[PDB]
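What follows is a pair of forms of the same protein chain, given separately as structure tokens and numbered structure 1 and structure 2.
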Structure 1
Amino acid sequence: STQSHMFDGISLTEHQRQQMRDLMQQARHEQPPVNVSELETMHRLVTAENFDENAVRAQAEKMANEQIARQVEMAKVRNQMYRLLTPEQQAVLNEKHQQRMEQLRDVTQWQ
């Protein structure tokens, strides 16, 4: 996947916005589509006559290596987009991230 909240609500110059569009366009180009064959293999394990948790774990491990590759490459592109921002925009972005994380620690927001 490529969707992120990281840059939500940041006010960009036109030049910043264009560069970020370009960076994301190429990141997408390089990220392969969903590995449908791995989904099918996992489905056939989950529906097997004899459920094989070892086989399931091995298949999850195999799938996670693709996920790691995506996460690393997207971290790189997002770092690059971050480096186009001014110190002031970076500070806004970091504050928004802090407030977003606080939602995951604030029980009253889920009651």
Structure 2
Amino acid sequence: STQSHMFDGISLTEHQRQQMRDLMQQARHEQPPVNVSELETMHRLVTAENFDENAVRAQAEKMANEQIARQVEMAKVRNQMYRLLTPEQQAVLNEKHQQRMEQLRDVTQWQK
């Protein structure tokens, strides 16, 4: 899923938005477009009378081992978008990120 609102709280000259959106949808491209297949077999497994954990694990690992490519590509794009920014815009980015992290930890502790 897109990082957007990734440039929330950030703006971001208009040519910067041009260069951004072009191509940020290339980051909407090579996102994860699921199969009716993955979904059908997943469904069959989940709906089964007795559960086959090893099967579902197998299917998960396949799916992931797949996505990894996309993951990497979209990471590349993201990095480009990042490089297209000013150290202060960046500052704000890294701040947003760090916030997000803290939130995640708070949630970890609460659910611990």
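Numbering for residues begins at 1 and runs along the sequence of structure 1. Take the two forms, superpose them, and find the largest set of C-alpha atoms that agree within 1.5 Å; that set is the rigid core.
- Superposition of the core reveals a Cα shift of less than 2 Å for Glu61 between structures 1 and 2.
- In the core-superposed comparison between structures 1 and 2, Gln31 has its Cα shifted by at least 2 Å.
- Aligning the rigid core leaves the CA of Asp106 displaced by 4.3 Å between structures 1 and 2.
- Relative to the superposed core, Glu49 has its Cα moved 3.4 Å between structures 1 and 2.
- Shown is the Cα shift of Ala91 between structures 1 and 2 after rigid core superposition, which amounts to 1.0 Å.
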